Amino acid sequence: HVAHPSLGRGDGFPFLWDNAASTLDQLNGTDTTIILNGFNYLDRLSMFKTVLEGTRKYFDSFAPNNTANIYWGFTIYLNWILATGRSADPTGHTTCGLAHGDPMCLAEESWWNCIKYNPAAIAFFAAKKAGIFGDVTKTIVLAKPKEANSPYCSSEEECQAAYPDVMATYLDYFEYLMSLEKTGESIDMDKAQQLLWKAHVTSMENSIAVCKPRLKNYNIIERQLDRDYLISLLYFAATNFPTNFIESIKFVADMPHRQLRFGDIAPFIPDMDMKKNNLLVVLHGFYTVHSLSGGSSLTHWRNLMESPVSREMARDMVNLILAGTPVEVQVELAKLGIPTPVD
């Protein structure tokens, strides 16, 4: 049994989905503690699954099996980083995440692990604080990293102190959900999605500098994919594109199913379909507009995306992209009136 990059266990749900905890009471611990290893795939999956379960009631009517829940995004991406080897140690110094080592271990040295840790762990703490899990008197005890002055926080208090804006933005999301029963209002899906994206973006922006050195652990082609993806995510987030089950699977199905290497040039990678080859070009297209504009294009894009009509039009573009339609990022952005750069 191994994780499939886009199908997870087989039907889109993550590898080992059934094995992960639905509630805090199913986790290991003591009378006064709950134990979680943030460097273990199953415990990270439990950080997502417990929040999915605890927020199911807000999304239940919209679709079966909690599939309308917008928390699926980073849950599905956890499966993908495992399945494609991107959570393993890339340095060769340890066997963490390798088949001949502990395949569930998530390496400190992994760039993907580095950027994705907080959207699991800090978000989990924020959900706890907001009351998503009910009243919890037990202390969360996280496994500590080995590296001194690590980018990985290992307690509720340390995470708050090191990444205050990330804690605050995820808290805003969960507090909004918690407010709905007092009012008796049904969820405003566009608002909920905006709040969650704001937290994800804040996390990415708070991690980019501290995770940057890990990019040097990968060859230049894989390294550039990593950069391309993080910048592109900032543009996608501003469109308010949905992060529910079906849309998340649609995205990961277009991502490369293996690490890239020297020799790979999109859109001519012969062991990948046209949709994967096309998304690789598009991600680099966003990187290029961003780099050549000194980052100014993102500021203009965000201003434009203050309009709900603009956001809907931009989501239409994203859907074309996900279907494998070969659109030129630079050309499409200009159409939307973004001042675009020359070299």
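Throughout, we count residues from 1 along the sequence that is shown.
Checked against the record, the higher mean CA B factor of 271 to 279 and 303 to 311 lies with 303 to 311. The stretch 60 to 68 shows the higher mean C-alpha B-factor when 60 to 68 is compared against 41 to 49 in the entry. You'll see in the entry that, of 172, 226, 181, 190, the Cα B factor peaks at 181. Taking only the listed residues 195, 115, 162, 126, the entry reports the highest CA temperature factor at 162. Ranked against the other modelled residues of its chain, the C-alpha B-factor of residue 138 as given in the entry falls in the highest third. The PDB entry assigns residue 242 a C-alpha temperature factor belonging to the lowest third of its chain's modelled residues.
Ranked by C-alpha B-factor against the other modelled residues of its chain, residue 261 falls in the middle third. Ranked by C-alpha B-factor against the other modelled residues of its chain, residue 99 falls in the highest third.
Among all modelled residues in its chain, residue 176 ranks in the middle third by Cα B-factor.
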